[PDB]
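Chemist: Pasting a structure here, questions to come.
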DNA sequence: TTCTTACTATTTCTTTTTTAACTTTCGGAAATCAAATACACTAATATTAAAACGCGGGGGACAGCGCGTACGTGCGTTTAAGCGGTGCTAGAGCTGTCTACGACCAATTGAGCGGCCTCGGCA
DNA sequence: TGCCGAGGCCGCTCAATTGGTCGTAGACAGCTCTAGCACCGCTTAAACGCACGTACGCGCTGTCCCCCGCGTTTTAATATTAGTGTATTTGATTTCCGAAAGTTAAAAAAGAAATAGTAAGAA
Ligand SMILES: [Zn+2]
Ligand SMILES: [Zn+2]
């Protein structure tokens, strides 16, 4: 049985454990660490994807464009706080009008 | 090797030391010598700039305030050492009118 | 009387003197207490994490320097 | 007519519109040309270094992203 | 459980992957191989 | 001031490359030519610069805008840009 | 304003720890106590905090000073501190 | 060849919004983002591993690194998801 | 034990200012600074080495890394000092 | 004059080819248990520098008011972007192989380190 | 000026070095070919000067508010000593995953097996 089915996940732990050996991070890789990391990567990918789906749903659009990701990542904090220095390609700026 | 290149900094210590970091698969030959030369030059530069202030404040023992005068002057070095902090360093003397 | 008011207004005025100012408000002391407290939470959370991970029940200076390295700030003189 | 004046005042005004301003000076365009040129030297020096080290005589986008990583800035979408 | 040896069985002296400290050991209780561990230290 | 606020949000929606690409390309080729090699580029690397360029420029625009609004005026002078860059680190 | 400029340079020479160390120590022990462990410290780690603390505080002081000088006044209000921290990243 | 995450990502997106479509450039965006977070966490874990004189990278170190790279309750809701899958994997 | 650079540093300082004295805390300051620059350059060299699919770290890669970590003419006066000692070492 | 008829993609059945998974070996890492050892922290005073903390007072902040320079602002053009090919030759990939080069495994140390001391040079 | 420092002292133990293997690089050599850049040559949308006024930055004056004076208490301070009871670090010991061996499969392409159109030839 494959390790991802043996754990109940979708991102390939077989790729993850293979990259860490070729990543020269330390001498040995403890078994259990790559599936633990794969769980967090599988969590965050769907976490941002749900906010991107909600952004496409309020504009009645059946195709995710990078503006949706930009708006989602800038709207709520603790993700914008995490990605505090990134700029998405063709993303644009939040709608903001100040008291002039 | 330090005598074999005229350096005051230990080449073999560095060559052992970067091997103890898993920085790559293999370590080349002249690279620890290259590091030793760079570190020696940088130490010489900062000791020049420190000893200037050390003489100019009529002092013999270099105290870290005389060091922060040296760090905060060379614009290439102060640009390189922008985000640093030094205990008992002091401040740059600069005010407005 | 908690210790956030242990930071005296003369001490803030004194650091303001080293800061480079002569006129300040009285609202300044409470504002700067809030800012400084936010800074200390955002650093000692990382320091306590580094202390807890190594299963050591006391914090030393290398933990402090390692924590400050995350902020984008480096402190020499104590090892790091 | 060099290319630093190729950055037109309507383009700066247009980005200023996306910036969030309505009144600007005429000194702004020359000042922002100087700032932008300083930014481009400080990035393409690193990019040309990355291109020169790998003994490749052309610059690609991974070189750009790797150079921008030094600035403390990350760009997705092109690989990195 | 009888946490009393905490010591490897003879199968573990051949194949030291871990020791379960079971009857006769759970290291010995995978491949259906009681016979080596009743021919062992055997409490 | 007939048009100042109905258009400031018009291009906040139209996310595109705003700096026109050809003089940008010639500028970057010239300042690359100021370095030693006669060094060509991937075509994608021009846009890979251009989005980062516009991101930096928009960031400094917004920062000096908020500085000038604190300065109790609605106009930006280069005095505020020098402030905004000087407080932000680099110079 | 009898004393404003002959003393502003007096403590620019006397590099010491300016924040008095005991209430600083009690404050840091209390906010460590707000985290779970009853966790003691190395004595040197208190000063290791304190120099970084004073460095950050002096940096923000100087930054909001230069902001307020741009604001065409000589007094600092918390409006300028909020500006200086907001333009600098964190909030 | 290209080491994309596209099949994995496209099968993830059907879990919540099974009708929404995706862009190839957008696919590149979050693929690069995933590689970024992976490099960040692995590099952080390596530094603390070489700090405590350890030669291996267990999930304890990853638990520390995810708790420091991810902020606040995003970390606290990634720790639980992280520690769930390892125990499901172990009891299999 | 303590892996100081103190003997090396103290013998360097006699080259230019043979009368000036040093502080132990100041010794710690520039020793930590030296370790900082060493870690910065070595980490940068490692990243570009793993970028170009190379397994070894020659002095070519160090020449690139010193040219990017050090700014401007400080780099240009460190490259020449760097490339001098290797040729003196080779012809020995 | 559409009843047919073998093309004809086509589209789905079935298999090969591209990796990941299940066992042994075991070495060197890692956890454990116990002892030695360091040490961080309470607690007595003893100042004593230092924070409040007043009642002046002045100087800066701040608001209102002219004003006029100096910004937007259509209007009418000119000028290039830019799109659309051509196109041809430059570097990028991309294998074939191999001389050299570091990893490493032992000997062989001396040199860069604790630890006193003897001496008095810097604040 | 003195008192506590700061180099300058010796013993020494462990890393630096020296010398061979040898496994496997990356380094040239010779491709195939994009592909990028040069160029013409169209549009047509956008930059650019022009009068055009209102604002709004700015300077001036008045106000009045609040922030810093320095005497004067008043309260918490470093700074000592000692205990001292915890945590901490070694250190054998012991247990034990980690790698590495690969040989069941498997991934999705590949070819074929209908197969549902599919162009032509007479009522
Ligand atoms: Zn057993
Ligand atoms: Zn057994």
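Sequential numbering from 1, following the chain as shown.
Looks like electron microscopy, 4.2 Å, at least that's what the header says.
Backbone N, Cα and C define each Cβ position, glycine as well.
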Chemist: Scan H:14, H:88 for the residue that Swiss-Prot records as ubiquitin cross-link.
Modeler: H:88
Chemist: Considering the residues H:11, H:25, H:76, which is the one that Swiss-Prot annotates as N6-succinyllysine?
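Modeler: Among H:11, H:25, H:76, the one Swiss-Prot marks as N6-succinyllysine is H:11.
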Chemist: Just checking, which of H:2, H:11, H:88 (recorded positions) has the fewest C-beta atoms within 10 Å of its C-beta?
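Modeler: Each of the recorded positions H:2, H:11, H:88 was scored by Cβ atoms within 10 Å; lowest is H:2.
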Chemist: Cβ under 8 Å from chain D: which of the recorded positions H:2, H:11, H:88 qualify?
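Modeler: Listed recorded positions meeting the cut-off: none at all.
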Chemist: State the Cα to Cα distance, in Å, between residue H:2 (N6,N6-dimethyllysine) and residue H:11 (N6-succinyllysine), rounded to an integer.
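Modeler: So the alpha carbons of residue H:2 (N6,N6-dimethyllysine) and residue H:11 (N6-succinyllysine) sit roughly 18 Å from each other.
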